[PDB]
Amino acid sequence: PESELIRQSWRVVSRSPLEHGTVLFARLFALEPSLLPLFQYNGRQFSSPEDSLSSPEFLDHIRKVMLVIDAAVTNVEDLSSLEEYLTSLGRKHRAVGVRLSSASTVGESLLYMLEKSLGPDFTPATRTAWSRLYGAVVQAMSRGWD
């Protein structure tokens, strides 16, 4: 039932994944500015959050994030099926220097972007559904922090 709530809500945002993911990342850096230096491209550090939004590579990474979320939505009823992919994704992020602790801020940023996009439509069952999906995704990724 909640899996339908996820599919329904994702529909709207999935249509413009970069615009929506841009909200997610803007929120993320507003909450935890210390994540900005972890995006090292061309050996350089972004000075300010707005610098990231001018970077092709950074915007590409937004698209990657939204693609993975889309995969979880696709498999919302399965999700044993992404276990291995997510475990390795966690390993990768550990390697680029993301702390597992920062996953919750990412979660809050996702939930923020959904709330702002859905407005009246982001009902508390909708929040709860997404909290439990995202939490599941993070459980899988956390295996990669070994």
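Numbers for residues come from their place in the sequence shown, where the first is 1.
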Selected stretch [higher average CA B-factor]: 27-35 or 65-73:
65-73
Mean C-alpha B-factor comparison - 122-130 and 17-25, higher one:
122-130
Residue selected from 86, 79, 114, 106 by maximal Cα B factor:
79
Quick check for you: using the entry's CA B-factors within this chain, is residue 42 in the lowest, middle or highest third?
highest
